[PDB]
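K.L.:
There's a structure below that I have some questions on.
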Amino acid sequence: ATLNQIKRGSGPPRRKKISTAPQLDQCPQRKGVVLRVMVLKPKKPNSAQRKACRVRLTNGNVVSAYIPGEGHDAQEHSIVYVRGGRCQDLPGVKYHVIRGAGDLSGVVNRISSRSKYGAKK
Amino acid sequence: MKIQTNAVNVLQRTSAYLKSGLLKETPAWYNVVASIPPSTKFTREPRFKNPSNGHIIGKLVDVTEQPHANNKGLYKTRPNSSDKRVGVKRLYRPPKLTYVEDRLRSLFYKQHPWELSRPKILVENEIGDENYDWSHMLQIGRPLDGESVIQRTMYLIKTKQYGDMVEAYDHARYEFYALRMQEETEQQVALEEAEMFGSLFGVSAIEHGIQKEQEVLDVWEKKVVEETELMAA
Amino acid sequence: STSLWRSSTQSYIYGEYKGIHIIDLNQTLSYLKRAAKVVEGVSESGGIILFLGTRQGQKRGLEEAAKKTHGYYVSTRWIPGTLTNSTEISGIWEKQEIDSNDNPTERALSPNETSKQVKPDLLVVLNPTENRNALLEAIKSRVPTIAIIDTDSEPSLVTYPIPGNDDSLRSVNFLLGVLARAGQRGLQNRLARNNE
Amino acid sequence: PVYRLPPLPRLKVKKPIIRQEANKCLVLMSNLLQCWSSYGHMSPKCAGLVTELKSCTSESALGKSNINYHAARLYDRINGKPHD
Amino acid sequence: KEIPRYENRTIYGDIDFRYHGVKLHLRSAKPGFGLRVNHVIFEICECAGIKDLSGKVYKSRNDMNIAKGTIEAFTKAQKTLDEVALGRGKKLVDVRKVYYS
Amino acid sequence: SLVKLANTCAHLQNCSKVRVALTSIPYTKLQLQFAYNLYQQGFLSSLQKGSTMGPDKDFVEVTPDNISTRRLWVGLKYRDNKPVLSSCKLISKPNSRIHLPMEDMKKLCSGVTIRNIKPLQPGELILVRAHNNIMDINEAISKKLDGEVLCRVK
RNA sequence: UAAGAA
RNA sequence: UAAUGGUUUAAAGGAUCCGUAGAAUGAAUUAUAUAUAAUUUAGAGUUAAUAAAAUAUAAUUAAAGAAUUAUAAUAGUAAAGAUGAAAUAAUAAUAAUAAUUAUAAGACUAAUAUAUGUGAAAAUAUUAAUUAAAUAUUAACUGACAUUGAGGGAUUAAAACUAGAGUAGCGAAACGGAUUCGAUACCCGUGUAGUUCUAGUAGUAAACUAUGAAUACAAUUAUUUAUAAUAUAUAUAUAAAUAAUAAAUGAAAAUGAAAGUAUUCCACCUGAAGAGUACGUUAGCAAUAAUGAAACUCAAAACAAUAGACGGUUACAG
RNA sequence: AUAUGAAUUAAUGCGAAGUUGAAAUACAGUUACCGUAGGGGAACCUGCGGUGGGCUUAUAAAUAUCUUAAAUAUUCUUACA
Ligand SMILES: [Mg+2]
Ligand SMILES: [Mg+2]
Ligand SMILES: [Mg+2]
Ligand SMILES: [Mg+2]
Ligand SMILES: [Mg+2]
Ligand SMILES: [Mg+2]
Ligand SMILES: [Mg+2]
Ligand SMILES: [Mg+2]
Ligand SMILES: [Mg+2]
Ligand SMILES: [Mg+2]
Ligand SMILES: [Mg+2]
Ligand SMILES: [Mg+2]
Ligand SMILES: [Mg+2]
Ligand SMILES: [Mg+2]
Ligand SMILES: [Mg+2]
Ligand SMILES: [Mg+2]
Ligand SMILES: [Mg+2]
Ligand SMILES: [Mg+2]
Ligand SMILES: [Mg+2]
Ligand SMILES: [Mg+2]
Ligand SMILES: [Mg+2]
Ligand SMILES: [Mg+2]
Ligand SMILES: [Mg+2]
Ligand SMILES: [Mg+2]
Ligand SMILES: [Mg+2]
Ligand SMILES: [Mg+2]
Ligand SMILES: [Mg+2]
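If you're matching them up, the sequences are chains L, U, B, Z, E and H in order. In PDB author numbering, each number is its position in the first sequence, counted from 1, plus 28. With the first letter of the second sequence counted as 1, position 202 gets the number 202 in PDB author numbering; the numbers rise by one all the way through. In PDB author numbering, each number is its position in the third sequence, counted from 1, plus 197. Residue numbering for the fourth sequence is 6 to 68, 75 to 95, as defined by PDB author numbering. In PDB author numbering, each number is its position in the fifth sequence, counted from 1, plus 205. In PDB author numbering, each number is its position in the sixth sequence, counted from 1, plus 1.
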């Protein structure tokens, strides 16, 4: 609070924006291999059977990635691409798989938001 | 309480209302208040003299102005700790009004406790109407009481007919006795002369006191008997 | 008493004597003349003057001040909201049209006219310490006010203070009679020019 | 010593004590019974008491404080609270 | 109320006013400068006739307290040039007002 | 002494809050120059030499015999239910002394925040010390004189 | 030339 | 995209003081270029005198008092003790308990009393002595010698430990008796460690005013408290403390001469949880003390106040 | 020195529906909490000091007086003096 204390290092804490996807190592996405496909239960009050998968990335980190879209064709040893973005109601799942990239096909018969689901016109 | 702003600025707020058009008609007081502004300072004001005795407030005597040894034989060569303390509070404290007469009013009634039994009226008639010459004690429009003695004493002092307040006070005392003896003889002789011509009075002071004592004592008897009977049981 | 001093009244005080504060009567006289001139000016302008005093034996002086100023008075109790809530309190009582000479015209008023607020042009309070509600309402309703300010009273709560004793009926009646006579002179001047 | 109090929510006596005047009948009865205990039953030495008892109990066998009001009325005036 | 305004478009100087938990920092602005302030203050300025104003709100940003405290800031924490001049017995001249005659 | 000047600034604010018409400040060259600048600028109604007890009615000559009991008595101004001297603050603090050249002083007088100092306000007086002379900032600009920016008074 | 929001 | 912040209660004053560095801050007048020099006494000190119980605080040494427990007797008799009510492997016919004496031992300190006060804090109130410290005002003297204070130093409740003494009462643990559905608890009985003293170690407490120190200043009232007068009376002046406040501040509760107005220096805080945890290091006989992370998870979490509901919550009435 | 695996191993976080005690919040039914020690798997229980962030929530042993009471005060409208 005093001037000599501010000189010695006192000041406002930095508004430091922590990385929410540390396992990508500051990459837009990483290629990975799915170790298994899981069906998890969201936190309450939400109720569903959420589609996820464990994926080992090329940098060696193993993460849990949500599989978006109505239906997916992910299976053990599938090559996937993983970007940031958590699944809010699944604790521990902090990544998303990219539909339409790698061995994961785009959503079938998607009409709206096709680019978010790897679907052609 | 915070110094209020909105009682003394009613004109300014009213004029804002009038200029904006929120108020159509000017009030009847508006021009009057505009021509007679309120006082809006509300400051504390220092004072530099006691009104009653003329003592100056806010003067410090310097060591140069005390070149002579004090009662203990010591010269004053530097300021003491009282002189070094800021005495601004004394400038704002309402001064205690003092009069020598009050010391001399206390003495009289210590020497004449039965002069306190003479009823006094504190309701003033008109202080401006008083034109007294205190060369004598009796005054038209005044009673004879301790204040006559004390005003005569002060008169004798201010004319230097006596140098010491004690002697002037004693002179006034003896004049006061001279007048009181005359008054009491007048009263007694008036009553005697009245009785000698067939004045028939009813209850006197003694009979008044007797009757009041009887009124009280009847109730006292009743209470005593009731309490004794209750105690016996 | 010096033990009940409100120090914001410091500049009005002459000294202390016998355990009480003495009010500087030169200042009292100056403030009293100013307030009397305000009363006279308001009565001369045909404004409404209200005399408020709620202590025991003040009714006679208040009534006489009102009657010789063609004014109004209250001595029983100040209903809180009498100014700021005038519709709910004073809206039912009757009102009257009068000419320049204060002669009743006996005209029929509309219900809308009867329902309007009729705010005093001047409020004079004899005991402002026990009448804070009236002072605050006058401030909100923007009514200039005169009051007798004793050693324990807040001076800034009134437009035109008069330093003086508010506890003695003689002192209060003296000041009130002075103000009432000033109002009477203003009224007489108004009638004089309206008769010329 | 003077012990001034802080500003109180009230000034009230919990159970104000009152002037319970004793019944004359019971006092007369006690005196008469004492007389009978000392001077014997149906003694003539206090027939007067008997008479008085008979006269006082004849029609009926048995023959509030305001402090809180005044305390509540006056508390604000006398409490010596400093000005607002 | 009546709000003092310099040239009927802005506030006279700068205001650093605390109203309960709200710290207001208002700054007068040049002609043509907009109302670059908190939205509550913007609405109050639109109603009051303030056209040019810059400012920032710190600590509490409660809308009700901002609204109420900005009005005490305008009425209590402002002194017009006339008030200052008469209080100090000095002449306060606006240099831009005199540059253009 | 900036500590004593800060004490005087705070004391003036305190005396304006309660609306005392007359108060005292320490008797020093800096204090006297500051009070004189306030008096000439219209913030004070009167400036007198005096003692710890009050202002001097007649001239009293200051010597080491009475130096410890000298004070400077200042009269405060009020108008329209507002103090003329509301705020009085130091710019150059004892632990951060701010010395500006004439160009930065002109920038400060023209609305620029220099060294975190808020610029001069419409009715404000900023005092500057140069060669042990206190003086108005605009006067220092006119005389082309760099100096220590000392205090604001509004 | 310093605006905040959920 | 908020420090144009905070730390009584939301995160945050160091247990306390002493004091080193400070590239921290700090009186007055004059002269010469922020310094040097000469002057000054307002801060800070020294020594006397005077007044006062400087009584209280610290160490040391020497004493007193009521009671408790046990032992022995005396007479006397059948129960005693405890509990809500009972029962207890060790109350009593081996004469108990109660009473009256007499011996012994430890520990404690009733009233005064308010911790008023004293002490840096921790602490400290049965008595006396020795030594040491602490008050106010005057006189003289020094001439800024000051403030604060990183690191450092010292002291530091209760518990705990190491030795040696002591051990009457109380009493962790343990063993029993109850209660209970259950008792691992509250209650009852024996009762070890500890509580006591001597020499140490350790350096933590809600070590609290949950509030660092210093300086300048700001409106009142009432009490005391301590001096200084003046003749119990001046409802006597000048100080400190306490109580209620104005203003001011504040999220408010509230603070109130500081939580106000300012200045200086230091300590500390930056969502909850993980966590005062792990690891490392230092110290210690140990217990531990200090220093003190991160990953993971979440959009929480907290403070003041408001209105209810509730309470094995109070009082008054009917 | 530093990184990487590691059998085994200590802690801790989260989630679904549940499960068990009655420790805290009211006098929470044994005042809570801080420090420390012992016991207990643990919640907790017990000992010693400290704090209020619990008791300031504080609210009677009660009795009162004498001067012209009216042909006089109470009336009074800028009057008189
Ligand atoms: Mg979509
Ligand atoms: Mg009064
Ligand atoms: Mg910034
Ligand atoms: Mg807490
Ligand atoms: Mg906290
Ligand atoms: Mg502390
Ligand atoms: Mg702490
Ligand atoms: Mg004792
Ligand atoms: Mg130190
Ligand atoms: Mg203890
Ligand atoms: Mg021990
Ligand atoms: Mg041992
Ligand atoms: Mg033992
Ligand atoms: Mg036991
Ligand atoms: Mg239990
Ligand atoms: Mg036990
Ligand atoms: Mg040690
Ligand atoms: Mg610990
Ligand atoms: Mg600690
Ligand atoms: Mg705060
Ligand atoms: Mg540890
Ligand atoms: Mg429980
Ligand atoms: Mg409990
Ligand atoms: Mg156990
Ligand atoms: Mg303690
Ligand atoms: Mg409780
Ligand atoms: Mg409480």
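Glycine included, every Cβ here is placed at the ideal spot set by N, Cα and C.
Applying a beta-carbon distance threshold of less than 9 Å, which residues of chain E neighbour U/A34?
P.N.:
Chain E residues near U/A34: none, gap ~17 Å exceeds 9 Å.
K.L.:
In chain H, which residues lie less than 8 Å from U/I3 when you measure between Cβ atoms?
P.N.:
Neighbours of U/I3 on chain H, chain order: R20 and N82.
K.L.:
Once DSSP output is grouped into helix, strand and coil, what is the label at H/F35?
P.N.:
Here H/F35 sits in helix by DSSP.
K.L.:
Residues of the stretch 41-64 of chain Z in Cβ contact with chain U at a cutoff of 9 Å, in chain order, please.
P.N.:
Those residues of the stretch 41-64 of chain Z that come within reach of chain U (Cβ to Cβ, closer than 9 Å) do not exist; the list is empty.
K.L.:
Could you compute how far the alpha carbon of B/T279 sits from the alpha carbon of B/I286?
P.N.:
Their backbone Cα atoms lie some 6 Å apart in a straight line.
K.L.:
Starting from the C-beta of Z/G68, find all residues in its chain whose C-beta is less than 8 Å away, skip the five residues before and the five after it, and write them out in chain order.
P.N.:
Within the same chain, Z/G68 has close Cβ partners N28, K29, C30, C61 and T62.
K.L.:
Helix, strand or coil: which one does DSSP assign to E/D268?
P.N.:
The answer is helix: DSSP assigns E/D268 an H, G or I state.
K.L.:
When the Cα of E/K302 is compared with those of E/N270, E/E212 and E/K206, which residue comes out closest?
P.N.:
Looking at the Cα atoms, E/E212 is the closest of the given residues.
K.L.:
Cβ closer than 7 Å: which chain U residues qualify as neighbours of H/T114?
P.N.:
Correct list: empty, because the minimum Cβ distance to chain U is about 33 Å.
K.L.:
At the level of alpha carbons, what is the spacing between B/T251 and B/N362?
P.N.:
About 15 Å.
K.L.:
Along chain U, in chain order, which residues have C-beta atoms closer than 8 Å to that of B/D318?
P.N.:
Per Cβ cutoff of 8 Å: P27, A28 and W29.
K.L.:
Under DSSP, the beta strand (DSSP E) around U/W220 begins and ends at which residues?
P.N.:
Looking at the DSSP string, U/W220 is not in any beta strand (DSSP E); the run it does join, the alpha helix (DSSP H), is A205 to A232.
K.L.:
Could you confirm whether any beta carbon from chain U is found closer than 8 Å to the beta carbon of Z/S76?
P.N.:
False, the Cβ-Cβ gap to chain U never drops below 8 Å.
K.L.:
Over the uninterrupted beta strand (DSSP E) stretch that includes B/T273, give me the two end residues.
P.N.:
Per DSSP, B/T273 belongs to no beta strand (DSSP E) and is neither H nor E.
K.L.:
Name, going along the chain, the residues of the stretch 151-178 of chain U whose beta-carbon falls closer than 7 Å to a beta-carbon of chain H.
P.N.:
For the stretch 151-178 of chain U, which is checked against every Cβ of chain H, not one residue is closer than 7 Å.
K.L.:
I'd like the span of the beta strand (DSSP E) that includes H/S46, first residue to last.
P.N.:
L45 to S52 is the span of the beta strand (DSSP E), which, as asked, contains H/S46.
K.L.:
Can you give me the Cβ contacts of B/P317 inside the same chain, cut-off strictly under 6 Å, excluding the 5 residues immediately before and after it?
P.N.:
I245, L247 and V340, listed in sequence order.
K.L.:
Pick out the complete alpha helix (DSSP H) segments inside the stretch 50-106 of chain U, 4 residues or longer, and give them in chain order.
P.N.:
As far as the stretch 50-106 of chain U is concerned, its whole alpha helix (DSSP H) runs of at least 4 residues are 88-92.
K.L.:
Where does L/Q57 fall in DSSP's three states?
P.N.:
Strand, per DSSP.
K.L.:
Compare the beta carbon distance of L/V83 and L/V67 with 8 Å and say whether it is the shorter of the two.
P.N.:
No. Outside cutoff.
K.L.:
So, is the C-beta of U/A69 closer than 8 Å to a C-beta in chain Z?
P.N.:
Judged by the 8 Å Cβ criterion, U/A69 is not in contact with chain Z.
K.L.:
State the Cα-Cα distance for the pair H/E125 and H/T114, rounded to the nearest angstrom.
P.N.:
H/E125 and H/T114: Cα-Cα distance of roughly 15 Å.
K.L.:
Using the beta carbon as the reference atom, which residues fall closer than 5 Å to any heavy atom of ligand 2, ordered along the chain?
P.N.:
So the residues near ligand 2 by this Cβ test are B/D347, B/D363 and B/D364.
K.L.:
Interface residues of chain U around H/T53 at Cβ under 7 Å?
P.N.:
Those are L60, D83, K84, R85, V86 and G87, listed as they occur along chain U.
K.L.:
Give the residues of chain U in contact with H/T70, contact being defined as C-beta atoms less than 8 Å apart.
P.N.:
Per Cβ cutoff of 8 Å: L60, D62, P79, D83 and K84.
K.L.:
Buried or exposed: where does U/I127 fall if 16 or more other Cβ atoms within 10 Å of its Cβ makes it buried?
P.N.:
Exposed, because fewer than 16 other Cβ atoms sit within 10 Å of the Cβ of U/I127.
K.L.:
Can we say the stretch 263-270 of chain B touches the stretch 374-390 of chain B, given the rule of at least three CB pairs closer than 8 Å?
P.N.:
Segments in contact, yes.
K.L.:
Please determine, among E/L297, E/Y305 and E/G292, the residue with the shortest C-alpha to C-alpha distance to H/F44.
P.N.:
Comparing Cα positions, the closest option is E/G292.
K.L.:
Our contact map puts H/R80 next to H/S52 with C-beta atoms below 8 Å; I'd like the distance itself, whole angstroms only.
P.N.:
Between H/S52 and H/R80 the Cβ distance is about 29 Å, and since that is not below 8 Å, they are no contact.
K.L.:
For a contact meaning CB atoms closer than 8 Å, what does H/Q122 contact in chain E?
P.N.:
Those are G218 and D219, listed as they occur along chain E.
K.L.:
Could you work out which residue in H/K119, H/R130 and H/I118 is closest to H/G148 when comparing CA atoms only?
P.N.:
Residue H/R130 is the option with its Cα nearest to H/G148.
K.L.:
Do three or more CB pairs link the stretch 57-66 of chain U to the stretch 14-23 of chain U at distances below 8 Å?
P.N.:
No: fewer than three Cβ pairs fall under 8 Å.
K.L.:
Are the CB atoms of Z/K92 and Z/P12 nearer to each other than 8 Å?
P.N.:
Result yes, Cβ atoms of Z/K92 and Z/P12 sit closer than 8 Å.
K.L.:
Between the C-alpha atoms of U/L230 and B/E327, what's the straight-line distance to the nearest angstrom?
P.N.:
Between U/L230 and B/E327, the C-alpha separation is close to 50 Å.
K.L.:
Is the beta carbon of B/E261 sitting closer than 8 Å to the one on B/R382?
P.N.:
Taking 8 Å as the Cβ cut-off, B/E261 and B/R382 do not qualify as a contacting pair.
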